[PDB]
Structure formats: structure tokens, C-alpha cells
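*Asks:* Numbering (the deposited numbering), first residue to last: 0 to 427.
For each residue, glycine too, the CB sits at the ideal point set by N, CA and C.
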Amino acid sequence: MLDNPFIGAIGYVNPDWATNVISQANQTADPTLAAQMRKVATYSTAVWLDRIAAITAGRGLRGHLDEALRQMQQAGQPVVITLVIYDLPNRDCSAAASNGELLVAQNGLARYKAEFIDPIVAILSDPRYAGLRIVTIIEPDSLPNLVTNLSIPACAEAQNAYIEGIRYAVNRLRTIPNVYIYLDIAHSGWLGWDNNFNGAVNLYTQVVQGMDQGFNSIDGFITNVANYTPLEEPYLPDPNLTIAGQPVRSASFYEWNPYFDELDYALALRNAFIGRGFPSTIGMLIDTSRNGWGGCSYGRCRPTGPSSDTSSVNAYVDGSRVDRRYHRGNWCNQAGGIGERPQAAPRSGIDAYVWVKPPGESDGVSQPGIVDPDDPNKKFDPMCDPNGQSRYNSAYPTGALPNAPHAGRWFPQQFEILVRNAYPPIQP
Ligand SMILES: OC[C@H]1O[C@@H](O[C@H]2[C@H](O)[C@@H](O)[C@H](O[C@H]3[C@H](O)[C@@H](O)[C@H](O[C@H]4[C@H](O)[C@@H](O)[C@@H](O)O[C@@H]4CO)O[C@@H]3CO)O[C@@H]2CO)[C@H](O)[C@@H](O)[C@@H]1O
Ligand SMILES: OC[C@H]1O[C@@H](O[C@H]2[C@H](O)[C@@H](O)[C@H](O[C@H]3[C@H](O)[C@@H](O)[C@H](O)O[C@@H]3CO)O[C@@H]2CO)[C@H](O)[C@@H](O)[C@@H]1O
Ligand SMILES: [Ca+2]
Ligand SMILES: [Ca+2]
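1) Pull the bridge partners of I137 from the DSSP assignment, please.
2) Looking at C-alpha atoms only, which residue of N332, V353, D371 is the closest neighbour of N386?
3) Can you tell me where the alpha helix (DSSP H) with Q342 in it begins and where it stops?
4) Tell me, which residues are paired with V353 by DSSP?
5) How would you write the range of the alpha helix (DSSP H) that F414 sits in, first residue to last?
6) For a test of the three-state rule: what should DSSP assign to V12, helix, strand or coil?
7) Say yes only if the C-beta of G213 is nearer than 7 Å to one or more non-hydrogen atoms of ligand 3, and no if none qualify.
8) With which residues is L48 paired in a DSSP beta bridge?
9) According to the neighbour-count rule (16 or more other Cβ atoms, all chains shown, within 10 Å of its Cβ), is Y315 buried or exposed?
10) On the CB-based measure, 16 or more other CB atoms within 10 Å of its CB, does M71 come out buried or exposed?
11) Quick one, are the C-beta atoms of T280 and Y352 less than 8 Å apart?
12) State the DSSP-derived secondary structure class of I242, mapped to helix, strand or coil.
13) Buried or exposed: which applies to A24, given that a residue is buried once 16 or more other Cβ atoms fall within 10 Å of its Cβ?
14) Would you say the region 372-383 touches the region 85-98, given that touching needs at least three Cβ pairs under 8 Å?
15) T222 lies in the alpha helix (DSSP H); which residues open and close that run?
16) For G348 and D263, what's the separation of their Cα atoms in angstroms?
17) Going by Cα to Cα distance, which pick from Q245, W189, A343, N197 is closest to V312?
18) Helix, strand or coil: which one does DSSP assign to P257?
19) Who's in the neighbourhood of ligand 4, going by beta-carbon under 5 Å from any heavy atom, listed in chain order?
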């Protein structure tokens, strides 16, 4: 196996996502915005396996891999295709927008193994695909929910199903020599606090050391999947910087969390895991699909330096942060911008920036009363209410954009905002 599957390979371009991008560009009046959309359609995004039907629907998992072979032949270079394994029972257990089809109380773990992992592994095992690099992102949100959300019965009752299902997926996937495995580990605005950070290091160390290959069972971890947290807060580089007598991490936006950005968080986690016995060959991914924070939204434009207002930590931090969400827990349908393009080894210890969440796809429907045919357990979550308050701190609005369809469906109003707000800006 390679030390980094993203080195020396070009990213798979998902034609089914690109078709949505190009179709929206063809309906966009502004010719520069439309040309920016056409350029976005050329970048590489992950393919989500978000239900049993996704294995065969449309071109299906086999179709994407065949298309990857096609792109590899056309380019004369290896292709790296990213897959998201996303169907654990009691999925999305701390929210409502992405609850899945399998339930722990309805033989969900058994169905997960037999109807989801086993057919995926059979397909990835085909020797026709040996020349691809196949990256599997394992079950976003599941393990982070075990760190912070055990007070929710849907999470606590699922915890051993998560552990066993994830070990089962990784143990089977590790029998395939061109499959590179990354565990999801949330983002700095979720697990950055000392207690969450240490709980996560403990949890993931136990999960991996119980795998068949122990610490050799995975190739690393990914942060920021489907979230918006910046790679870097360049104007808040020191969480202990004293402003008006207080460290800036004490600001309301951070609540003493010393990790303001994903580079600090990902590299600190990598070092922590190496200290627990993981080999130094592990690498980190960061999802940069929607964390650029160009443009303007939520009453601010991107800061161009540290704030001139040093009269209080809150004023200073709020004027200096590029993450301009009202509250750091606002995960649904945010008016952010596309971030750095997918790219290999941008920083030591970082295997790649990737677009795992595909820009333009919804995080959740924005009002109740609407049922989706293809995901009958997807429901309205108040975090997606454009007129509501955050359910993590009701003093703040959700920031969610209106007119959003159910999670995963094309959200043209947000896609236009994400392209306009891209950082670095899209060049036609
Ligand atoms: O297979 C052809 C089929 O595709 C359908 O669209 C898929 C789309 O291909 C896929 O990327 C997407 O995956 C979603 C997932 O459903 C959704 O639950 C997840 O939501 C996130 C969300 O963004 C978070 O904020 C929060 O809600 O938690 C989850 C987990 O992070 O996001 C991914 C990526 O968007 O699902 C689509 C719907 O199945 C077409 O709709 C269909 O017509 C095609 O036949
Ligand atoms: O990242 C996308 C996923 O987000 C999930 O929500 C989590 C938020 O992303 C995260 O910011 C929030 O963090 C909490 C933290 O867990 C808690 O200890 C602290 O006190 O407050 C933070 C928020 O201020 O946690 C939530 C989960 O509870 C969504 O549930 C998921 O659908 C989405 O993909
Ligand atoms: Ca490696
Ligand atoms: Ca930093």
C-alpha cells in the first residue's frame, strides 16, 4: 500500500454531481457566475453510500468504479475515488435531518453487515479495480456522537452497534489491498474542548486497537465532513492571546475551546494518536467543500486582519474570525463558501484536502410537513429552520437558509451562495 493514496493520483470526478452543477449553470443568468459554476463541476467529490439502494441505484457503486477506470484510462494516471460508508443503524442519532433506514431495535446491525457492508466489499474486491486507489470514509458523525451525546437514548443504545459495525466494515475493507481507510472524527467546533478531545482520543484508540490489524487497520482520520469550520483562523492564531484581560478562547463563540480551526485540530489529534501507539504513517484528511468563508453573509464580510476593536474579547474575536456563523454549532444549510480545492499533501501530516460533502447538496429540509419518498426516515430538524433558534444555544439564530430540500437533494440557492462565497474565489 501507498503511504498517501492522494499522491500521484487525480481525483475521481462524479458525473452525476457534475450534471447537477452544469444544469444549474445553464439556468444562471449572470455569465460570470455561470462560468464559475462550470469550473466547479470539474473538481473531485466523494460518492456517498447512504442507503442499501445507493449500492445499485443509477450507475451504482459498480458504475462509479467503472467510470473511475474510464477516467484513469483517459488520463494515463491513477484515479483516487472517495466513498462515504454511511448507513449504520440509528444513523445521525443526535439529529433528525439524516436519520437512516436501519434501526438498532429492528435487527439493524445484522442488516448493516449482510445488506450494506458485504455487497460493498464484494464489489470493491473485484480485481478489475486493482489499479484504482479507493478511499473509504467510515460513517461520519457516529463515533463523535458517542463522545458528546450519550444523554440521547438513540445514541447511547446504539454505541455497541456502532463499534461492532465500524470494526466489521474496517476489518472487511482491510482485506482489499487498494482500499485506504479513514475514520471520521468530527471537527474542532465539536470535539475541540479538552474533555471531548481526550474522550475522542480514548474512544478511537479503543475502537482501532480492537480491529484485526490493530493500529495498522486504518490509514488515518478525516475532520470537518459536511461542516464549515475553517482550515485556519489566520487572525486568531493564538488561543491564549490576552484581550481586555481575558484569553481570546474565552470568547462566547469558542467557550474556552482552544481549537479555532481544522489544521490545529487535525494535527493535534494526529500527534495524540501517535502518542497512543498509532504509527507515524497515519495521515489526516480535511473536508474543505464548504469552509472557505469568502463573500458576505450573517452581517459580516471575511475579515482582512485582526479586529481593531480590542475593548472586549467578544468584540475582538467576532471581528477577527473568518467563521462568521452566529453560533459554532450551526451545522445546517449555512451561507458559507466553497473552500480550498481538493489537493494532496498540503501540509505535513495532512494527506489531502478533499470535498467529501458535495457542494450544492442539502443538509436538511427547512420546514416540517414534507416527506421524502427515497429516505422515509429523513425528518425536519430545528437546526434547519431558517426562522428558528439554535437548539444548542437558543440565544442564537440557526443561520439556516430557507427553501432547502431534504438532506442530499440539490439545493440551488445554497449552491449559488457557496460559489459566490468561495475562497479562494472560483476562476472561470
Ligand atoms: O444514487 C443516485 C441518487 O442520488 C441521490 O442523491 C444522493 C447524493 O448522491 C448523496 O451525495 C447524498 O448523500 C447525503 C446524505 O443523504 C445526507 O444524509 C448527508 O447529510 C449530511 C448533512 O449534510 C449533515 O449536515 C447532516 O444532515 O448529516 C449528514 C451527514 O454528514 O449528506 C450527504 C451528502 O449530501 O444523498 C443524496 C440523496 O440520497 C439523488 O437524490 C437521486 O435522485 C439519485 O437517484
Ligand atoms: O458536522 C456536521 C454534523 O454536525 C452534527 O452536529 C454536531 C455539531 O457539528 C457540533 O458543532 C456540535 O458540537 C457541540 C458539542 O458536541 C458539545 O459538547 C458542545 O457543548 O457544544 C457544541 C455545539 O456548540 O455537536 C453536534 C452534535 O450534537 C449533526 O448532528 C450532524 O447531523 C451533522 O452531520
Ligand atoms: Ca500514510
Ligand atoms: Ca490556528
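*Replies:* Let me spell this out:
1) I84, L182
2) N332
3) Careful: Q342 lies outside any alpha helix (DSSP H), inside the beta strand (DSSP E) at 342-346.
4) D286
5) 411-419
6) Of the three classes helix, strand and coil, the one that applies to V12 here is coil, per DSSP.
7) Not under cutoff, so the answer is no.
8) Answer is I84, bridged to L48.
9) buried
10) buried
11) no
12) strand
13) buried
14) yes
15) Premise fails: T222 lies in the beta strand (DSSP E), 219-222, not in any alpha helix (DSSP H).
16) 11 Å
17) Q245
18) When DSSP states are grouped into helix, strand and coil, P257 belongs to the coil group.
19) Contact residues of ligand 4 (beta-carbon closer than 5 Å to any heavy atom; chain order) are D260, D263.
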